[PDB]
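Asker: Here's a structure for you.
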Amino acid sequence: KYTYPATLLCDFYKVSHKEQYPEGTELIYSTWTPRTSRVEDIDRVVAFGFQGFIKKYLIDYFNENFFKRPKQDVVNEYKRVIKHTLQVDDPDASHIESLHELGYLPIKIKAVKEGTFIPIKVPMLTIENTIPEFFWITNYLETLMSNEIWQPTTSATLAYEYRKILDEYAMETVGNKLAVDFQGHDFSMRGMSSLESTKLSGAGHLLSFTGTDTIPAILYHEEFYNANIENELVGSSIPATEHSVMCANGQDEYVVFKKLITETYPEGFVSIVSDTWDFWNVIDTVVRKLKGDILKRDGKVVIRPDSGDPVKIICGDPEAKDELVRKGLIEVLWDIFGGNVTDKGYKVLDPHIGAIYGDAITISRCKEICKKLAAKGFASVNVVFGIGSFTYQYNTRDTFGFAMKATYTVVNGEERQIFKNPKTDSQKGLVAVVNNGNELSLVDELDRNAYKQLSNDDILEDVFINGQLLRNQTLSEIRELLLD
Amino acid sequence: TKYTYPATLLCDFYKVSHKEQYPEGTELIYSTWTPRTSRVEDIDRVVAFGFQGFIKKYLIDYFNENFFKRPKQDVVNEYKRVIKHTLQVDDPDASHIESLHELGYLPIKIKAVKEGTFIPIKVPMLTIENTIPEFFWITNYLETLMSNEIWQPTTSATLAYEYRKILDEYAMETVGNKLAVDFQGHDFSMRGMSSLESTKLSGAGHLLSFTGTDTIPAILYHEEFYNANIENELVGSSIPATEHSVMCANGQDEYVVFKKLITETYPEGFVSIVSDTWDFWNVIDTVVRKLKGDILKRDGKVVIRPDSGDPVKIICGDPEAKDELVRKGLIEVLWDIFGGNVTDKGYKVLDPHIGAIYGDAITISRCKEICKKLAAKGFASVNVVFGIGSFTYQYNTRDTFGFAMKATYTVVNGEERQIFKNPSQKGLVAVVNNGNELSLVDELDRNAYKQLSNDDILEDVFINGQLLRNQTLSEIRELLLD
Ligand SMILES: NC(=O)c1cccnc1
Ligand SMILES: NC(=O)c1cccnc1
């Protein structure tokens with residue numbers, strides 16, 4: 001098998017930095033901070049992902065690929081890469097040798113509880129070396145950790161933006177939040193940039209919702225967050241057709257739909273994409289004609305449109321003159337099947353029929369759909385939203401301004417602050433995050449004495465020290481912390 | 001733990017339900033991978049890259065190690081557990097998983113253009129189908145993961161090439177050769193990639209066009225899947241470089257810090273020093289200027305790395321500034337101190353003992369603008385190395401080049417049929433050399449397709465567990481640039 005050395009998962013210049021530090025550098029202490037927000041109406045992030053990164057890479061990857069292997073092997077892989085990529089005849093690997101001899105990562109990582117709302121410009125995590133000789137290790141890990149933990153948090157925040165909307169309109173139209181868990185459904189896996197990013201993003205999505213088509217995300221929560229699908233609802237989905245299946249089955253859409261709902265899935269949920277040729281014809285002449293069969297099933301038939309303006313398809317096009325197009329999918333389905341009326345006067349479809357829209361959904365479009373459904377007396381729970389790769393893939397580390405910055409060093413016993421301040425266009429010292437009334441706040445410019453003085457109010461907790469994981473959060477606990 | 005993600009569950013959930021929804025007697029499903037549109041200006045072709053890595057890693061390595069070599073009962077149970085407790089089925093059917101395991105290999109056929117080829121928008125570049133009728137369902141099942149894994153390596157490879165394109169033309173125009181270009185596009189993006197795997201795929205795409213990179217895992221990726229060997233070829237290269245935290249740790253007497261770095265820590269070779277920790281222009285005026293003799297005595301090159309301000313103005317100058325150094329820009333000021341040479345085209349190139357690199361807020365547009373404005377001042381484009389970061393490589397979707405996996409062809413009870421929605425590609429597809437361009441041919445039945453096979457530039461890459469094409473990084477670089 002091909003091994004990527006655990007000592008070279010970084011930018012190239014991280015390798016060179018060790019010899020550049022001042023003589024007698026004994027400690028380097030770095031923080032992980034979302035420094036700004038580039039999503040409207042989002043001023044906090046949902047901290048998530050540190051545990052998965054620590055378990056997969058700092059514990060498992062370093063043990064299996066570095067510490068349990070012979071010293072000569074890891075030394076040689078490192079030296080080979082350095083020699084042939086940095087043009088060094090005899091690279092120094094004595095620090096690698098010494099780390100391997102130590103047998104564990106002399107590292108202290110602290111972090112806020114995953115599931116916590118962290119304000120912009122407030123640090124969520126810190127890392128430091130626990131043995132002076134390995135000061136260089138802190139800087140070394142900055143790249144990989146950044147590379148790994150901005151995506152799960154980012155997705156976690158974006159998903160929550162949906163949940164917050166879906167909760168509120170639910171409370172506004174129904175009076176309870178029972179349907180919201182399934183109202184946000186992850187459709188994004190094919191549009192994520194890699195399977196690993198698929199796992200991290202979908203795992204973020206699953207903090208707020210249980211509906212997903214991203215199987216590896218459910219299994220990710222099993223792998224790193226102590227979930228078990230046999231004992232708790234981690235994630236769930238329903239049988240659903242796709243355009244190629246509908247096309248293969250042919251244009252006698254009544255026969256195809258009837259076979260799908262009475263023979264292939266006579267009970268339970270089933271989602272049928274209905275726009276392969278003529279969506280409104282399927283609604284008018286197929287779904288209507290199958291009304292008795294749909295009502296006779298012990299389950300739900302979910303109608304899935306996949307083209308047009310999602311807002312206008314779901315809520316209606318006011319300027320369209322065909323009655324079905326002007327009414328919209330939800331109103332036409334109510335006209336066919338009816339349903340129930342909430343205590344606040346909003347219509348909920350008969351539970352034998354339902355709708356889902358999983359193309360071109362955005363946070364703004366989700367809010368608009370809920371608002372326009374309420375404007376005509378339909379409850380928000382009548383639509384399931386399919387959230388795609390536009391939400392979960394199309395971000396950067398800068399979408400929430402994440403950066404890992406060294407804020408504190410100890411050099412020959414002297415405590416020192418680190419910060420840049422370019423004239424061509426910040427955190428200092430040890431940091432702490434304290435609960436001040438309603439919100440969390442950053443305290444910086446702290447020496448070791450002042451940092452210890454504040455230890456009882458700091459909400460960052462010991463997560464990983466010298467190879468030992470000290471905090472092991474479950475998915476249920478994180479969901480509890482997020483949604484109370 | 002040794003947690004195993006089942007090889008049969010790397011997909012969208014509804015892929016699992018599609019098998020029973022196909023018509024009776026479905027014997028073949030055939031799908032294509034096409035970039036349908038371009039959302040990047042001046043780009044109407046993509047660099048085909050990624051298929052070999054996905055095929056080796058997942059279709060060969062992953063499936064053999066985690067599915068075919070394991071006990072049949074174990075894979076069956078791992079499938080049933082997930083389906084039962086996530087699709088709320090009491091007794092899931094796994095007889096097809098059992099049949100696949102008994103078969104012992106993936107009964108699929110994948111064709112793809114050679115990696116490194118330029119594929120125009122709306123031209124397919126990969127197809128997949130099943131080779132045994134019973135396993136018609138395999139094609140559809142594999143669509144998610146394949147799409148998950150191959151849009152990013154191509155996108156990066158395409159975006160990287162755009163930089164190369166600009167850097168090539170300007171080199172040809174201001175130097176007369178492209179020798180310096182390989183190191184002019186330098187990948188800085190790893191910390192901003194969404195995952196280590198995405199880091200690897202994107203950096204490999206970048207390394208198709210450039211040799212300069214700070215993303216070590218990308219170099220090693222080309223070793224793992226594209227037969228590269230850093231002992232015998234230059235896959236990726238980088239140089240010693242400082243960062244802001246180290247500059248702060250060394251203190252504000254930047255004369256002594258720089259002197260130590262360039263005469264003691266790295267007395268020879270390349271060394272990149274980021275110089276804007278407190279005052280970039282002061283560093284240029286009083287540190288680099290005072291160190292000119294020391295810099296010129298080195299058998300090597302000191303590279304100056306600014307990291308803040310308008311990149312175009314820092315590198316090429318700010319015409320409206322009153323300070324002479326700010327007005328001139330870094331390249332001209334360095335020229336004033338160190339001098340240099342004139343190329344065959346009449347453009348100035350810095351003395352090889354000094355250099356410049358800029359790796360913050362670089363875009364394709366800014367790289368072109370920097371080259372253009374440097375040329376307008378008489379300075380060759382090779383005076384600047386461009387650090388390309390995550391804004392280029394990460395801030396994309398599969399929709400940036402409109403990638404889609406579309407079933408286009410099926411065989412049901414021996415009847416050939418075309419698959420397409422009209423709420424497009426129909427039938428079997430081929431890509432042929434049509435004068436000077438590549439053209440899509442579709443609406444082909446099997447007979448016409450076989451007739452055209454010798455002209456199709458799509459080639460057999462994977463069949464029934466057999467790797468049929470094994471391209472090297474050097475071959476792909478040769479196809480792309482030559
Ligand atoms: N289940 C679905 O309808 C689905 C899933 C993923 C992507 N698109 C649609
Ligand atoms: N070598 C560098 O200066 C560098 C690399 C990656 C990211 N940022 C800076």
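Here, A, B, ... name the chains of the structure tokens in the order displayed, residue numbers run from 1 inside each chain, and ligands are numbered from 1 in the same displayed order.
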Write out as a PyMOL selection string each polymer residue whose atoms come within 8 Å of stretch 448-461 of chain B, counting only C-alpha atoms; drop sequence neighbours fewer than 5 positions from it.
Answerer: chain B and resi 109-114+125-126+428-433+467-469
Asker: Please, could you write that set of residues out with C-alpha atoms as a PDB file, in the first residue's frame?
Answerer:
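Result file is result-v7.pdb:
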```
ATOM      1  CA  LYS B 109     -17.119  -1.005 -18.818  1.00  0.00           C
ATOM      2  CA  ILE B 110     -15.715   2.532 -18.573  1.00  0.00           C
ATOM      3  CA  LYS B 111     -14.400   4.430 -21.587  1.00  0.00           C
ATOM      4  CA  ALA B 112     -12.683   7.796 -21.269  1.00  0.00           C
ATOM      5  CA  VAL B 113     -10.673  10.276 -23.279  1.00  0.00           C
ATOM      6  CA  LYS B 114      -6.973  10.383 -22.510  1.00  0.00           C
ATOM      7  CA  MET B 125     -15.430  12.558 -21.953  1.00  0.00           C
ATOM      8  CA  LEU B 126     -16.363   9.374 -20.051  1.00  0.00           C
ATOM      9  CA  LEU B 428     -24.741   5.752 -27.470  1.00  0.00           C
ATOM     10  CA  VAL B 429     -22.148   8.506 -27.784  1.00  0.00           C
ATOM     11  CA  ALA B 430     -18.771   8.839 -29.479  1.00  0.00           C
ATOM     12  CA  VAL B 431     -16.315  11.728 -29.751  1.00  0.00           C
ATOM     13  CA  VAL B 432     -14.536  12.069 -33.083  1.00  0.00           C
ATOM     14  CA  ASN B 433     -11.892  14.278 -34.640  1.00  0.00           C
ATOM     15  CA  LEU B 467      -7.273  -1.789 -15.863  1.00  0.00           C
ATOM     16  CA  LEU B 468      -6.954  -1.209 -19.612  1.00  0.00           C
ATOM     17  CA  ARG B 469      -5.126   2.149 -19.686  1.00  0.00           C
TER      18      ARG B 469
END
```
Asker: Residues of chain B within 8 Å of ligand 2: nearest atom pair and distance (Å, one decimal) for each, counting only C-alpha atoms and all ligand atoms, sorted by chain and number, as a Markdown table?
Answerer:
```
| residue | atom | partner | partner_atom_place_in_ligand_line | distance |
| --- | --- | --- | --- | --- |
| B:187 | CA | ligand 2 | 6 (C) | 7.1 |
| B:188 | CA | ligand 2 | 6 (C) | 3.7 |
| B:189 | CA | ligand 2 | 7 (C) | 6.1 |
| B:190 | CA | ligand 2 | 6 (C) | 7.0 |
| B:191 | CA | ligand 2 | 7 (C) | 7.2 |
| B:214 | CA | ligand 2 | 5 (C) | 5.5 |
| B:215 | CA | ligand 2 | 6 (C) | 7.7 |
| B:238 | CA | ligand 2 | 1 (N) | 7.4 |
| B:239 | CA | ligand 2 | 1 (N) | 7.3 |
| B:240 | CA | ligand 2 | 1 (N) | 7.3 |
| B:241 | CA | ligand 2 | 1 (N) | 5.3 |
| B:242 | CA | ligand 2 | 3 (O) | 6.4 |
| B:243 | CA | ligand 2 | 3 (O) | 6.4 |
| B:272 | CA | ligand 2 | 3 (O) | 6.9 |
| B:273 | CA | ligand 2 | 3 (O) | 7.9 |
| B:274 | CA | ligand 2 | 3 (O) | 7.2 |
| B:305 | CA | ligand 2 | 3 (O) | 7.4 |
| B:359 | CA | ligand 2 | 9 (C) | 6.6 |
| B:360 | CA | ligand 2 | 8 (N) | 8.0 |
| B:387 | CA | ligand 2 | 4 (C) | 7.5 |
| B:389 | CA | ligand 2 | 7 (C) | 7.3 |
```
Asker: Which protein, DNA or RNA residues have an atom within 10 Å of ligand 1, counting only C-alpha atoms and all ligand atoms, as a PyMOL selection string?
Answerer: (chain A and resi 185-191+212-214+237-243+270-273+302-306+356-359+386-389) or (chain B and resi 11-17+144)
Asker: Just the residues within 10 Å of residue A:178, please, counting only C-alpha atoms, with nothing from its chain fewer than 6 positions along; format it as JSON, numbers by chain.
Answerer: {"A": [167, 170, 171, 381]}
Asker: Could you please tell me, as a ChimeraX atom specification, which residues of chain B have an atom within 6 Å of chain A when using only C-alpha atoms?
Answerer: /B:12-14,17,22-23,85-87,144,147-149,152,191-195,198,214-215,230-231,237-241,246,248,250,276-279,308-309,395-398,419,421-423
Asker: Pick out the closest residue to residue B:369 from this set: B:83, B:166, B:256, B:480. Count only C-alpha atoms.
Answerer: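 The answer is B:166, which sits nearest to residue B:369.
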Asker: Using only C-alpha atoms, which of A:227, A:451, A:363, A:287 sits nearest residue A:160?
Answerer: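 Checking each of A:227, A:451, A:363, A:287 against residue A:160, counting only C-alpha atoms, the winner is A:363.
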Asker: Quick one: pick out all helix (DSSP H, G or I) residues within stretch 241-445 of chain A from a backbone DSSP run and write them as a count of residues only.
Answerer: 78
Asker: Can you tell me which residues surround residue B:399 at a distance of at most 9 Å, considering only C-alpha atoms, apart from same-chain residues fewer than 4 positions away, and format the answer as a short mmCIF file (atom, residue, chain, number, x, y, z; two decimals) with N, CA, C and O atoms, in the first residue's frame?
Answerer:
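Saved as part.cif:
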```cif
data_model
loop_
_atom_site.label_atom_id
_atom_site.label_comp_id
_atom_site.auth_asym_id
_atom_site.auth_seq_id
_atom_site.Cartn_x
_atom_site.Cartn_y
_atom_site.Cartn_z
N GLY A 191 -22.27 16.41 -5.59
CA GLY A 191 -21.68 17.70 -5.90
C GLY A 191 -20.60 18.15 -4.94
O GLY A 191 -20.00 19.20 -5.14
N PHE A 390 -24.95 23.39 -3.89
CA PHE A 390 -24.79 24.83 -3.89
C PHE A 390 -24.65 25.36 -2.47
O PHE A 390 -23.85 26.26 -2.21
N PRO B 35 -19.22 17.87 -19.25
CA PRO B 35 -19.28 19.28 -18.83
C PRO B 35 -20.18 20.06 -19.78
O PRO B 35 -19.82 20.34 -20.92
N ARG B 36 -21.37 20.41 -19.29
CA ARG B 36 -22.41 20.93 -20.17
C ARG B 36 -22.34 22.43 -20.40
O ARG B 36 -22.86 22.91 -21.41
N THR B 37 -21.72 23.18 -19.49
CA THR B 37 -21.65 24.63 -19.63
C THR B 37 -20.40 25.13 -18.90
O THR B 37 -19.82 24.42 -18.08
N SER B 38 -20.00 26.35 -19.23
CA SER B 38 -18.85 26.98 -18.59
C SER B 38 -19.29 28.26 -17.89
O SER B 38 -19.95 29.11 -18.50
N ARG B 39 -18.92 28.38 -16.62
CA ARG B 39 -19.19 29.58 -15.84
C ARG B 39 -17.93 30.39 -15.56
O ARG B 39 -17.97 31.34 -14.77
N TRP B 151 -15.19 15.53 -10.55
CA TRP B 151 -15.39 16.89 -11.04
C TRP B 151 -14.31 17.83 -10.51
O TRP B 151 -13.85 18.73 -11.23
N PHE B 403 -20.84 19.88 -14.89
CA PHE B 403 -20.67 18.44 -14.99
C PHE B 403 -21.95 17.70 -14.65
O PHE B 403 -22.67 18.06 -13.71
N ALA B 404 -22.24 16.65 -15.41
CA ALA B 404 -23.39 15.83 -15.10
C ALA B 404 -23.16 14.41 -15.60
O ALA B 404 -22.60 14.21 -16.68
#
```
Asker: What does the structure give for the distance between atom CA of residue B:134 and atom CA of residue B:411, in Å to one decimal?
Answerer: 11.8 Å
Asker: Sorted by chain and rising residue number, which residues of stretch 413-459 of chain A lie within 9 Å of stretch 108-122 of chain A, and what are their closest atom pairs and distances in Å to one decimal, counting only C-alpha atoms, as JSON lines?
Answerer:
```
{"residue": "A:433", "atom": "CA", "partner": "A:122", "partner_atom": "CA", "distance": 7.3}
{"residue": "A:439", "atom": "CA", "partner": "A:119", "partner_atom": "CA", "distance": 8.1}
{"residue": "A:440", "atom": "CA", "partner": "A:119", "partner_atom": "CA", "distance": 7.0}
{"residue": "A:441", "atom": "CA", "partner": "A:122", "partner_atom": "CA", "distance": 6.6}
{"residue": "A:442", "atom": "CA", "partner": "A:122", "partner_atom": "CA", "distance": 5.6}
{"residue": "A:459", "atom": "CA", "partner": "A:112", "partner_atom": "CA", "distance": 5.9}
```
Asker: Going by DSSP on the backbone, which bits of stretch 359-416 of chain B are strand (DSSP E)? Write them as a list in words, please.
Answerer: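 These are the residues in question: residues 385, 386, 387, 388, 403, 404, 405, 406, 407, 408, 409, 410, 411, 412, 415 and 416 of chain B.
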Asker: May I ask for the distance between atom CA of residue B:331 and atom CA of residue B:379, given in Å to one decimal place?
Answerer: 7.9 Å
Asker: For residue B:296, please output as a list in words all residues within 12 Å (counting only C-alpha atoms; exclusion window: fewer than 2 positions along the same chain).
Answerer: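 After dropping sequence-adjacent residues, the list is residues 262, 263, 267, 268, 288, 289, 290, 291, 292, 293, 294, 298, 299, 300, 301, 302, 337, 338, 339, 340, 350, 351, 352, 353, 354 and 355 of chain B.
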Asker: Which residues are close to residue B:160, i.e. within 9 Å by only C-alpha atoms, leaving aside same-chain residues fewer than 2 positions away? Reply as a VMD selection string.
Answerer: chain B and resid 155 to 158 162 to 165 185 205 to 210 388 392 to 393
Asker: Could you check how far atom CA of residue B:473 sits from atom CA of residue B:232, in Å to one decimal?
Answerer: 12.3 Å
Asker: Using only C-alpha atoms, determine which residues lie at most 10 Å from residue B:328, disregarding the query and same-chain residues fewer than 6 positions distant; provide the list as a PyMOL selection string.
Answerer: chain B and resi 313-319+321-322+334+336+377
